[PDB]
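J.: structure of the sequence below:
(chains A, B, C, D, E, F, G and H, ligands or ions: 1)
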Amino acid sequence: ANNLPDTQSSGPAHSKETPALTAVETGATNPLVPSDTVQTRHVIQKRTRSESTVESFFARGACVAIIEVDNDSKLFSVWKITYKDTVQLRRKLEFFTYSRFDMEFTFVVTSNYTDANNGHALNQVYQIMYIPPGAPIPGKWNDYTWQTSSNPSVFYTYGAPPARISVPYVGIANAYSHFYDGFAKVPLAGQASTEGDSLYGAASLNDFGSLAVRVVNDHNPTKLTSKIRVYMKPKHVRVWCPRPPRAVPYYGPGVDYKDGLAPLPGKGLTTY
Amino acid sequence: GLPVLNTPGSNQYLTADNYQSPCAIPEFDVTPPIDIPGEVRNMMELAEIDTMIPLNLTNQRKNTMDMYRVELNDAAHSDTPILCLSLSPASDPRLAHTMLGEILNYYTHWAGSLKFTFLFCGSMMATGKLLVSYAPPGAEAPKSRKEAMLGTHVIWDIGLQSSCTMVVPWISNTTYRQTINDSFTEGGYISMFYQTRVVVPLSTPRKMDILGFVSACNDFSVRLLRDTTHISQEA
Amino acid sequence: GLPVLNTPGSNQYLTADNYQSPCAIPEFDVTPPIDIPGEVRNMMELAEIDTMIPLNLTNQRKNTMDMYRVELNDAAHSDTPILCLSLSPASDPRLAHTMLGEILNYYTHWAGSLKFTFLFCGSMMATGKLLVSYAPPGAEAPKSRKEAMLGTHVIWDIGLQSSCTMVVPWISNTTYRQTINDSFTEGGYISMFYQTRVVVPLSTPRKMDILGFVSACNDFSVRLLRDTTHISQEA
Amino acid sequence: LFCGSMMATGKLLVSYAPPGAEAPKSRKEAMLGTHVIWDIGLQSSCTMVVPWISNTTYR
Amino acid sequence: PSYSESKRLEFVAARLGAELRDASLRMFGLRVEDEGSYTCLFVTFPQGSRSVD
Amino acid sequence: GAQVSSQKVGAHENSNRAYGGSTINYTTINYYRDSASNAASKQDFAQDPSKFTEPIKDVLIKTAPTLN
Amino acid sequence: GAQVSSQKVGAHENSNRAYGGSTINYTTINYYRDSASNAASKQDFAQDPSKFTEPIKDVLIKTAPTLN
Amino acid sequence: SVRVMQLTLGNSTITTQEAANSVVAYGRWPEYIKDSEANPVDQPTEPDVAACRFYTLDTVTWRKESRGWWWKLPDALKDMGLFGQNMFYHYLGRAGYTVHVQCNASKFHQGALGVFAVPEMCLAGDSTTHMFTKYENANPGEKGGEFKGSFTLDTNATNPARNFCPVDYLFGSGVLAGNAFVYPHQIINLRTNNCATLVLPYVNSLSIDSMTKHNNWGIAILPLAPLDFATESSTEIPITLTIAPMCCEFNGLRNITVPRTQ
Ligand SMILES: COc1ccc(OCc2ccc(COc3c(Cl)cccc3Cl)cc2)c(Cl)c1
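T.: Residues are numbered from 1 along each chain as shown, chains lettered A, B, ... in the order given. Coordinates below:
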């Protein structure tokens, strides 16, 4: 996040040192600066790379999900936690193979009457319950699971500033894997083809669990719908192994492609 | 309690704010880190790595491996350009999709020097001298070697060292340029010509390819994070 | 008053927050404590106590005192397993309801070593050697003593010391495993075989039981508190 | 010693397999024993050392 | 398809790809390993980390 | 009356602030007279499980024979 | 437990306060025990791109012949 | 000089007279797990010279029409001597590698091969079903696979191939191939060098993992400039791949794993 070096003045040359010539076969990039190939003046550099630090690049709340609940089973909804339901944050994360950070979740809740001239309801309160992989998932908008004696819940009152909570680095590995070239199972010799088969590039069937959202108020016959837009921001970021960015449209959770396979336009070789 | 006064901006949600919030999973035993190879601290580190340029975007070559190959031949000397490009790293179709261009499309401003490296993939028996040029904006885009030679240029002699780098110095009026095609912040023209000609003996291929690479210099910086147009989502 | 700005998260109720609040019964004369025996500081203390495993969940034995008894006999040597188990402490039906399994079901991740102790309840006149085994995941689950003997194992000689402990070391790829049946974090197999055979003289019972116990080692830990599926409430 | 012309190039694998197994008949078997991958060029020759690997003190 | 250990099971769904689930299970065998009861619970990106016994 | 404790940093930012200074400390001040109003400090200690794991009168070594 | 850092002043007001004093400093205090609750300090460091730009075994000088 | 080298590992030596230096991925040389980064508690096995030696996989042939080749590690070495034995006998395994690609021609030939080492090299499949490629197809072993010039969707619903369909210009994963230079690499330009040498440390988000379930590195070879000779439309030059595992350590010994095949 710092300063750039100054440009030193450089005069003419006539020597056996040729920085302009190189050999990219080695796998290295030629570290030339302007003064290597032209005469330069002294410039005191004041520009910095403060905004391109790994932290500043991700320091934005991106939408990862839009959970919908109809307060007239739709009285409650469950969202399997992921960053792949949307494309924008996903593409930025995928510039790297591994990552490690904390997360900040902000929830923007909106609601409205479906009918322009019918129904009425008192102010709604929402419960956003996190169900860690293993915990019982709600079957009804009002069954015993909503007691949350151990699961973390967030109760949001409609109209209040967006709710917000922080989550630590929760991975079971030392870093989050954006790419996993493997399987969760190894098919063994002799077992039925139905056996030992698993998805390519998938780890746990339930990585991070899911969110169960519901309106706590008793539902009125009035037609109402609410949407909880989930925004996530990685804070305290560290990333490893850069990768080229996604060039063609995403086709699922994997690196699969199908449709926009011809991303580049035509342009004449000798056309400026 | 302590008397307070709520100021405008209260209860809002700025997508770019930086505040504290309660932890939903308190006292969690966080898995410690390990020293994984290849850690990155700044996005500009990635912009400084040579990435191959898709120079040949002709209808038959675009979106194939041929878009990266620019063919040369042993024909008699000509003053016509081998290739032409505009210094619009984030918007020119040939630069916009390189690693450098991809990163620039997440920012609104860019400033700094760039360098273009060309690799000769002909046989060892092939020789030749080429002129790589850069013309700052404001005049007619060079169409002959005679005009190109009047601007910044490097005369590349082919031999043992297979590649040649031409640095495009930061010559600008504004302190930062925009990542969109805009005349006010236009960057100039890059072109290549034959200085002499490619010469090969008998029993040797008379046509060969050259590959181009682009990377940022150590004085390169970008600012104003924005969203890219390189990724979309229908429905 | 003092100018303030309300940040997002204001007026919410995080079920896992940790704030102060006014006391509804101020100046209350609290009854002082007494030194009651058996105080607990950490839930892991309970996971380190041996608890009997319901190993025999066959239809006639499950949910009876017989689910805890695994019967042996003085038959000639066989290479077939006496019992088989999967190292899924929170999900395997035989482990999920032990004190260890009960606690693991209130957490999402577990890591550490475990130990299985077996008690021989035959007569004093009975002798025998048994092989207790643990095979890390990835290969075929052992079905003969020949395969089991290739992994971690303890050859138990029966005599004065009635019990034998086999430690299942922490051998994992991930830093923590999940408390659900998931192949990515699978733990391996536990099995028992006859090394020689149980031998008894005349006028002595030819069949006897062994009881199994499971507890966590001192390097065992769990994280991410969650709700258990072991308790429900209808209406 | 390579006695081809200067214009000739090539890479060869010289191998040594201690006794006891099947004598190598493919490069795949030979490559599992002691071997030197010879790249032809300026230095015309290549040496492969057959180390003393024996059970007896003398053969 | 992952067999959580009850060796006497058969799973028949168009898996490793997707469908989605109108899956059929089978328990052989062949003894009266009876009931008791059984449940069938699914997971969903929208609301559906839930089902019915 | 402020209590300043240090946090156990999990994920580290590419800053020196993530490794030292007041940037890895947190501050606390009690506003209520009754201790019941206080939050939980969560700086909780552990103990020896022996009272449960080995409530034996005559102490025994694992290497040595239990039944002697 | 307050952390006092200085700001990098961009646009300067016609004041001496715009050039010095606590007027170009900002104050921070952590209120939560878990480091996850903390904001980002943003005083982030940089590094050498060499691991990517020149992952070469035998180090080479730009003035000197790459292929030697 | 930058051009002459000799690599010795165990009982195997490789010599080259036309190198273009060597690349050490991310500047990290392979190493063993330190006690501070250790996870499995059991004593590891370290075969050393028996496993850390040069193994030559099958030779492929480069023609004017070739699109490219790919391999996965440790997969390509699963049947290689004692390295493969240790891989299958242990639940966990870790290793680094020295990849040496060989390709000689003559002074009248042209062509350039881009040799890339990619961590977590996930490839694209052939069906509309996501992540449908089956284990047997994803792990070809020493023979590896090939890149294609175009995407062709498998439509046989009765018998889906469940294979990869790596399009070359899309780097087999939906990214542009010209940007693959951000990964450790070397280029074998026929007018300059004979080979490419890359030293790869162990890269993963864990200290040790299952070698049968997970491939850490992928080796991709793409013709950047096609093969051409004198006037022979007909030209074929072999490309031999020699890889040596380094700092091998395995944990969790049991009975041997025998994976399902074809
Ligand atoms: C590589 O990029 C990643 C890695 C992990 C991720 O998710 C991990 C994750 C785990 C648990 C929770 C649970 O968080 C919550 C809690 Cl406790 C309470 C209330 C609401 C929420 Cl929301 C949320 C996210 C994401 Cl979104 C991107």
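J.: burial count for the one residue in chain F that gets nearest to chain H?
T.: Proximity of chain F to chain H (CB to the nearest CB) peaks at residue F:11, 13.6 Å away. In short, each C-beta sits where N, CA and C put it, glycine included. Other residues within reach of residue F:11, judged by other CB atoms under 10 Å in any protein chain shown, total 25.
J.: so it touches residue A:169, yeah?
T.: Yes. Residue F:11 sits in contact with residue A:169 when judged by CB atoms under 8 Å, with a separation of 4.2 Å.
J.: who touches both of these two?
T.: Overlap between the contact sets of residue F:11 and residue A:169, as judged by CB atoms under 8 Å, 6 or more residues apart in numbering or on different chains, is given by A:100, A:101, A:102, B:30, G:36.
J.: which one of those residues has the most neighbours?
T.: Of all the shared contacts of residue F:11 and residue A:169, the highest neighbour tally under other CB under 10 Å goes to residue G:36, namely 31 neighbours.
J.: from memory it sits against residue B:23, does it?
T.: Yes. Here residue G:36 lies in contact with residue B:23, judged by CB under 8 Å, at a distance of 4.8 Å.
J.: which residues do these two both contact?
T.: Between them, residue G:36 and residue B:23 share the contacting residues A:166, A:167, A:168, judged by CB under 8 Å, 6+ apart.
J.: restrict these to those near chain F?
T.: The subset of the shared contacts of residue G:36 and residue B:23 within reach of chain F, counting by CB under 8 Å from any CB of the partner chain, consists of residue A:168.
J.: let's see which of the shared contacts of residue G:36 and residue B:23 end up in strands.
T.: Where the shared contacts of residue G:36 and residue B:23 overlap with strands, as defined by DSSP state E, the overlap consists of A:166, A:167.
J.: now the shared contacts of residue G:36 and residue B:23 in JSON lines, with distance to residue H:26 and neighbour count?
T.: JSON lines is the format used below for the shared contacts of residue G:36 and residue B:23 (distance: CB to CB, whole Å; neighbours: other CB atoms under 10 Å in any protein chain shown):
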{"residue": "A:166", "distance to residue H:26": "31", "neighbour count": "26"}
{"residue": "A:167", "distance to residue H:26": "29", "neighbour count": "22"}
{"residue": "A:168", "distance to residue H:26": "27", "neighbour count": "26"}
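J.: okay if I get the shared contacts of residue G:36 and residue B:23 as JSON lines plus distance to chain H?
T.: Output for these, formatted as JSON lines (distance: CB to the nearest CB, whole Å):
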{"residue": "A:166", "distance to chain H": "22"}
{"residue": "A:167", "distance to chain H": "18"}
{"residue": "A:168", "distance to chain H": "17"}
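J.: and the shared contacts of residue G:36 and residue B:23, which is closest to the ligand?
T.: residue A:167 (4.5 Å; CB to the nearest ligand atom).
J.: ok, the residue lying closest to the closest one once chain neighbours are set aside to residue B:26 distance?
T.: Spatial nearest neighbour of residue A:167, excluding adjacent residues (CB to CB, 6 or more residues apart in numbering or on different chains): residue A:103 at 4.5 Å. Between residue A:103 and residue B:26 the computed distance is 15 Å (CB to CB, to the nearest Å).
J.: what do you get for residue A:242?
T.: Residue A:242 sits 34 Å away from residue B:26 when distances are taken as CB to CB.
J.: what's the answer for residue H:81, then?
T.: If you measure residue H:81 against residue B:26 using CB to CB, the figure is 52 Å.
J.: repeat that for residue H:111.
T.: Distance from residue H:111 to residue B:26, counting by CB to CB: 61 Å.
J.: who's more crowded, the two?
T.: When neighbours are counted by other CB under 10 Å, residue H:111 and residue B:26 differ, and residue H:111 comes out ahead with 28 against 20.
J.: now that one: which helix or strand?
T.: Here residue H:111 sits within strand H:109-119, counting by DSSP states H and E.
J.: what sits up against the longest helix along chain B?
T.: With DSSP state H setting the assignment, residue counts place helix B:99-104 as the longest helix in chain B. Judged by CB under 8 Å, 6+ apart, the contacts made with helix B:99-104 from elsewhere in the structure are A:52, A:244-245, B:43-44, B:46-47, B:49, B:51, B:89-90, B:95-96, B:110, B:114, B:179, B:214-216, B:222, B:228, B:230, H:179, H:181-182.
J.: run the chain-centre distance for the helix or strand containing the residue nearest to residue A:167.
T.: Taking DSSP H and E as the definition, residue A:103 sits inside strand A:96-113. In terms of CA atoms, centre = their mean, to the nearest Å, the centre of strand A:96-113 is set 8 Å apart from its chain centre.
J.: mind checking how far the nearest residue to residue B:220 once chain neighbours are set aside is from residue D:11?
T.: Once flanking residues are discounted, residue B:220 sits nearest to residue B:112: 3.0 Å by CB to CB, 6+ apart. Using CB to CB, one obtains 44 Å as the distance from residue B:112 to residue D:11.
J.: with adjacent residues omitted, what lies nearest to the closest residue to chain A within chain E?
T.: Proximity to chain A, evaluated over chain E using CB to the nearest CB, is greatest for residue E:47 at 2.7 Å. Nearest residue to residue E:47 in three dimensions, chain neighbours excluded: residue A:77, at 2.7 Å (CB to CB, 6+ apart).
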